[PDB]
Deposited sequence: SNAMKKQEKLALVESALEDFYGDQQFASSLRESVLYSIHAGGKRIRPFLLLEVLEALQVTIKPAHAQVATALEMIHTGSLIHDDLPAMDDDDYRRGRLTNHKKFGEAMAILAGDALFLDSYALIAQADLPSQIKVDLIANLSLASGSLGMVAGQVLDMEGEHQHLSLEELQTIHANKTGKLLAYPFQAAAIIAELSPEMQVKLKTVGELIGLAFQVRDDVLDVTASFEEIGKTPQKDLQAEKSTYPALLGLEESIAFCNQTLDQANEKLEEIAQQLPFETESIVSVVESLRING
């Protein structure tokens, strides 16, 4: 239904930007490979769902904002797999970008996604100031004050005695920022109050936290991980109790402004373990 109509809009905006205007044939092929590498597209899907939950009719300009989010996320996965980083030959059961196209092509494919991402927001049919705030917050969540900082601290944390709070700070930047951005991006597009934006951003941070804990307890069922530090059973409790807090903040938001939460709660419950 709309779940596939929403994902079809994101896929179309992805293929249109990397389509008829592309002249570097190898760069387009490398970019589309990691785009087609798979995934539920949880980050661009959440943006369209929170926006539709905010009673905003979904339009292609919104899907293009969601596309810019997933291009940055896809670019980070390409660089993470590089031999100098995590050195992964396969990701999600599929051959990685550098293993198929070479290291230099994977570097440039991620660079193109990073530099091209903001173009989709700037080219979308949206008010200019809304596009400025969407761009400024996407850079804040992705650059040296967010995702990239989280990638540096995570790599350095492997040779340090870190607390769980410090590891949570690392994950909140490396992964939580781009998982919380679809909530604050929808809030900006819906032109919500600044107090409502931080309350929606808090919901995205909670879902991003449980998404991190869920991935750790799933990587073992398939050193500084949640099932290694806390343990397997209590990490599942911490994952589900965080999803309960997300449902509380969602229902609380639903009492202050019109906000149909059933679609968002459905995605929250899809992350719950047993």
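- What the model leaves out of the deposited chain are the segments 1-3, 226-241, 294.
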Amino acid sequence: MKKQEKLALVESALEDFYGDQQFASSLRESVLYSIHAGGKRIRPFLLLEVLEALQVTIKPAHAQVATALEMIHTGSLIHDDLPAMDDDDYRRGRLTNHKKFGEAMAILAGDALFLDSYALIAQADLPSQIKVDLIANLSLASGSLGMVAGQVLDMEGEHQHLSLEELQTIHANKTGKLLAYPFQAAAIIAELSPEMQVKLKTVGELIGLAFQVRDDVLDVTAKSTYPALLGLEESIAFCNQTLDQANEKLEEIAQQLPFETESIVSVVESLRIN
From here on, numbers count along this sequence of modelled residues.
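- As recorded in the PDB entry, 187-195 is the stretch of 131-139 and 187-195 with the greater mean C-alpha temperature factor.
- The PDB entry records a higher mean C-alpha B factor for 235-243 than for its counterpart among 49-57 and 235-243.
- Among the modelled residues of its chain, residue 96 has a C-alpha B-factor that falls in the middle third according to the deposited record.
- The deposited CA B-factor of residue 201 belongs to the middle third of values across its chain.
- When the modelled residues of the chain are ordered by their C-alpha B factor, residue 70 lands in the lowest third.
- In the PDB entry, residue 116 places in the lowest third of its chain by CA B-factor.
- The deposited CA B-factor of residue 30 belongs to the middle third of values across its chain.
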